[PDB]
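Participant: to kick things off, part of the complex as it is:
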Amino acid sequence: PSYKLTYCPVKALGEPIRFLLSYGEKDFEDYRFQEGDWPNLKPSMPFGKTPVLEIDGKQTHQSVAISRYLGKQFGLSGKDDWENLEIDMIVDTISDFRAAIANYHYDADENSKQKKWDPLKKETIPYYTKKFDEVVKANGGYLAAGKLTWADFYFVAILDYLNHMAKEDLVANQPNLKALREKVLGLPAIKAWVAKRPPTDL
């Protein structure tokens, strides 16, 4: 169909969608709006945020919801309700992890922000990176359902965004996560997209 993605000129929450559409070998317009273009676009987005993926004229939003839908379209979802649960559960956990990082990163009060630095690095980050690595090992190198799913694509696609905010390489000391990253980035459709895409830090 006709796909048009609208998002920031970075990877972040748009990248999982770009990863998935690529893997599905679907052509899509990759519209990246300029900084001064946003006040113009915001009012026409369903809840004033992006990513927004137009699918045959119809607006869709929410990076996770879209990723799940596209996952089912391209054969990357569970075989049954329970596998889809396992996928959904771990991705919402990725979101919790992102929220913990973003809570420091986007904090506008320097005093309060600095207060969150130590806890993030000393408790939160080590905890999740470990738990996630355990989960990956337990599924034989995947995040859920003992196989490659749209969660692996979502996770790896936003990883640079997570690293940038956390100011560290989150999977460097986590071998199963590191291998999952290498694996997903190693898939041809992704490898091909990654060599094409604009380089950004997020």
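Facilitator: Yep, it's here. Numbers count the residues shown, from 1 in each chain, chains lettered A, B, ... in the order given.
Participant: burial measure for the residue lying closest to residue A:60 once chain neighbours are set aside, as a count.
Facilitator: Of all residues not flanking residue A:60 in the chain, residue A:53 sits nearest, at 4.9 Å (CB to CB, 6 or more residues apart in numbering). C-betas here are computed from N, CA, C, even on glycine. Number of residues near residue A:53 (other CB atoms under 10 Å) recorded here: 27.
Participant: is it true that residue A:53 touches residue A:65?
Facilitator: No: applying CB atoms under 8 Å, one finds residue A:53 not in contact with residue A:65, separated by 9.8 Å.
Participant: now do the SS call for residue A:48.
Facilitator: Of the three states, residue A:48 takes coil according to DSSP: H, G, I helix; E, B strand; the rest coil.
Participant: neighbours of it, just the number please.
Facilitator: Using other CB under 10 Å, residue A:48 has 11 other residues around it.
Participant: any figure for the gap between it and residue A:84?
Facilitator: 29 Å (CB to CB, to the nearest Å).
Participant: next one: residue A:165
Facilitator: For residue A:165, the distance to residue A:84 - CB to CB - is 29 Å.
Participant: how far out from the middle of the chain is the lengthiest helix in chain A?
Facilitator: Longest helix in chain A, counting residues (DSSP state H): helix A:81-105. Here helix A:81-105 is found 10 Å from its chain centre; the criterion is CA atoms, centre = their mean, to the nearest Å.
Participant: could you pull out the buried residues of that helix?
Facilitator: A:83-84, A:86-88, A:90-91, A:93-94, A:97-98, A:100-101, A:104-105 (16 or more other CB atoms under 10 Å).
Participant: do stretch A:131-142 as well
Facilitator: Buried, per 16+ other CB under 10 Å, within stretch A:131-142: A:132, A:133, A:135, A:136, A:137, A:139, A:141, A:142.
Participant: hey, where'd the strands end up in chain A?
Facilitator: Counting by DSSP state E, chain A has strands at residues A:3-7, A:28-32, A:52-55, A:58-61.
Participant: looking at those, which is buried most?
Facilitator: Greatest average neighbour count among the strands of chain A goes to strand A:52-55 (a mean of 21), per mean count of other CB atoms under 10 Å.
Participant: what's next to that one, contact-wise?
Facilitator: A:1-7, A:17, A:45-46, A:59-61, A:66 (CB atoms under 8 Å, 6 or more residues apart in numbering).
Participant: ok, so of the residues you listed, who is nearest residue A:114?
Facilitator: Of all those, residue A:114 sits closest to residue A:7, with 30.3 Å by CB to CB.
Participant: and that closest one, how far is that from residue A:123?
Facilitator: Taken as CB to CB, the span from residue A:7 to residue A:123 is 32 Å.
Participant: equivalent analysis for residue A:169, please.
Facilitator: Between residue A:169 and residue A:123 the computed distance is 19 Å (CB to CB).
Participant: residue A:86 reaches residue A:78, doesn't it?
Facilitator: Yes: counting by CB under 8 Å, residue A:86 does reach residue A:78; the two are 6.8 Å apart.
Participant: could you also fit chain B onto it:
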Amino acid sequence: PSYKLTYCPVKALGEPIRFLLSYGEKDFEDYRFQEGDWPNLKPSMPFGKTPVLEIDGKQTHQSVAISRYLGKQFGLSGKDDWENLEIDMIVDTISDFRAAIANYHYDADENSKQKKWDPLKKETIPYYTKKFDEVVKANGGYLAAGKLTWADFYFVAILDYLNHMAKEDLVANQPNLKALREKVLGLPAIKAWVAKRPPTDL
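Facilitator: To build on what is shown above, here is chain B added in:
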């Protein structure tokens, strides 16, 4: 099929699951841990948080992922992929709304917290409540897919928690949302549950 729910002695993020199980005419152990016991429970949860739902022994977590699953079990999901996407998008949007509220409410610094009050009350709350009201009206009194779905159970179940944090009845002046609440709370299984459940401010 056995069910055992583990969560705080409040409504909040556990309530959606209690609502759906009730609606599905399923008995379940509603375990509510005491404050002093949490330090020892935490490590036994998949990622150190509740709600956790044991489904025939198998642990599940993440309020939204669990609700999507149960919703499909009890005939409260989409007829196809597009409809389930529609439901998914509106629920993740509710999560965004909750995060904006929670950002103020859990701000431990009275200085940063106060900066967040006015924007929350003047911009965020009116924005989301009006938008959700439009959607519910445009869907004939439901949050998605023109029919009752698990989105409606999720929204109404957490609404008190949202009201407590926002320090106001958020739907008091949104008639389509107010009618949705009364509709869900009206349901026999819910009404029975609401009468039976321990009462809390959130």
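Participant: please reconsider the buried residues of helix A:81-105 now that chain B is part of the model.
Facilitator: Using 16 or more other CB atoms under 10 Å in any protein chain shown as the test for burial, helix A:81-105 gives A:83-95, A:97-98, A:100-105.
Participant: interface residues of chain A facing chain B?
Facilitator: Contact residues, chain A versus chain B (CB under 8 Å from any CB of the partner chain): A:46-49, A:60-62, A:64-66, A:68-69, A:72-73, A:81-82, A:84-85, A:88-89, A:91-93, A:96, A:99, A:107-109, A:111-112, A:115, A:127-128, A:131.
Participant: show me what the longest helix of chain A is packed against.
Facilitator: In terms of contacts (3 or more CB pairs under 8 Å, 6 or more residues apart in numbering or on different chains; DSSP states H and E), helix A:81-105 is packed against helix A:63-73, helix A:110-119, helix A:125-138, helix A:150-166, strand B:58-61, helix B:63-73.
Participant: and it with helix B:81-105, angle?
Facilitator: 30 degrees (axes from the mean of the first three to the mean of the last three CA atoms, to 10 degrees).
Participant: what domains does the record give for chain A?
Facilitator: Domain assignment for chain A, taken from curated CATH domains, gives A:1-74+A:187-202, A:75-186.
Participant: of the ones you listed, which is nearest residue B:197?
Facilitator: Nearest of these to residue B:197, taken as CB to CB: domain A:75-186 at 24.6 Å.
Participant: about what we covered before: nearest to residue B:21, out of the domains of chain A?
Facilitator: Between residue B:21 and those, the tightest spacing by CB to CB is seen for domain A:75-186, at 15.0 Å.
Participant: now for the closest one, what's the gap between its first and last residues?
Facilitator: By CA to CA, to the nearest Å, the extent of domain A:75-186 from end to end equals 18 Å.
Participant: just stretch A:6-13 next, same as before
Facilitator: Distance across stretch A:6-13, first residue to last, is 11 Å (CA to CA).
Participant: which residues are contacting stretch A:188-202?
Facilitator: Stretch A:188-202 is contacted from outside by A:9-12, A:18-19, A:22-23, A:25, A:32, A:153, A:160-161, A:164-165, A:184-185, using CB atoms under 8 Å, 6 or more residues apart in numbering or on different chains.
Participant: buried members of those residues into ChimeraX, please.
Facilitator: Provided next is the ChimeraX selection string for whichever of the contacts of stretch A:188-202 are buried by 16+ other CB under 10 Å:
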select /A:9,10,11,12,18,19,22,23,153,160,161,164,165,184
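Participant: so who does the closest residue to residue A:3 other than its chain neighbours touch?
Facilitator: Spatial nearest neighbour of residue A:3, chain neighbours left out: residue A:28 (3.4 Å); criterion: CB to CB, 6 or more residues apart in numbering or on different chains. When contacts are counted by CB under 8 Å, 6+ apart, residue A:28 touches A:3, A:4, A:5, A:18, A:21.
Participant: among those, which pair sits farthest apart?
Facilitator: Within those, two members stand farthest from each other by CB to CB: A:4 and A:18, at 12.1 Å.
Participant: got a list of what residue A:19 touches?
Facilitator: Contacts here follow CB under 8 Å, 6+ apart; on that basis residue A:19 touches A:153, A:154, A:156, A:157, A:184, A:190, A:193.
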